[PDB]
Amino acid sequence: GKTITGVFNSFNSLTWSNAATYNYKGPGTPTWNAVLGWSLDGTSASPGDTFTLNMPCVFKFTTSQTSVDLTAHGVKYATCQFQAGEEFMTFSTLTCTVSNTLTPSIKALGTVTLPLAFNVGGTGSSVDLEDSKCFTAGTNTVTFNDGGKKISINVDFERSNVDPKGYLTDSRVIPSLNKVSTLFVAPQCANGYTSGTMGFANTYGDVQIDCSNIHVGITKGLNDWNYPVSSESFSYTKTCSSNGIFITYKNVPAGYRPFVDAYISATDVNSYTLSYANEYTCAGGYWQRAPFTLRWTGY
């Protein structure tokens, strides 16, 4: 049929259900259940018409389901297909088709629940740097839209509990790729860095770095989830192979932090170890060489 708008009409609730044992209620820590109110009227919609719900700042749906139904008073009236923005775009979408049940005398009011992870950053991609500015710790307004009608709700987000002054890491699964983006930010040298070496590697043979999906940059500070907010060029050299990515750098100015990220593949994306190089010399002469390993789990 035609494209309709204003089907999703209210943002009723946005509530977190810790999907693992996360220590903070962050936008990117799954799962946020977004409950939206919707209405369809057979006098103004027909089976086969379509509509789309735009979701800024949403990275993925935290379910293996590919679609969700719009059901009310026990009758299915539409089917909506999930499209996760992931690293392709800063927003996610629902694309919905009205069902044959929406015969002309039906007036349907219902709700639907969507299991979400927001994007508040994680790499130096354009998409992640854009979404690194979506939210801050504390009260935020979250807004979705159907194509005219903006529907909003306020929500409380907790900052990361990790002290931002140390080294920083991240690993986020990218479901459509079966890859994981992984980040490393050097410990903070507030007055700048004379030099340093940093990076990460496969440890036991079960991990492969994807050298075609990497970023190396300096960021002007970090957001409330310890993610880069900018990415500028600077003086470094790099080596990249499937076994690991490493940089050596010099002369990073005060107020900036160097970071490296990469997509990785693993035999089991839910259980793998990475080995990190971590050496730096702050302007002023403080130095540390402190390599380490981390065990990453999805179970």
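Residues carry their position along the shown sequence, with the first being 1.
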Looking only at CA atoms, which has the higher mean B factor in the entry: 214-222 or 143-151? 143-151
Should the higher mean CA B-factor in the entry be assigned to 260-268 or to 57-65? 57-65
According to the Cα B-factor stored in this entry, which of the following is highest: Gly138, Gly205, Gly121, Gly192? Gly205
Scanning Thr29, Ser230, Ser46, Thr248 for peak Cα temperature factor in the entry gives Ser46
Among the modelled residues of its chain, does the C-alpha B-factor of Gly199 lie in the lowest, middle or highest third? lowest
Chain-wide C-alpha B factor ranking for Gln83, given as lowest, middle or highest third: middle
Third of chain Cα B-factors occupied by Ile106: highest
In terms of the chain's CA B-factor thirds, is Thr237 lowest, middle or highest? highest
Relative to the other modelled residues of the same chain, rank the CA B-factor of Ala290 and answer lowest, middle or highest third. middle
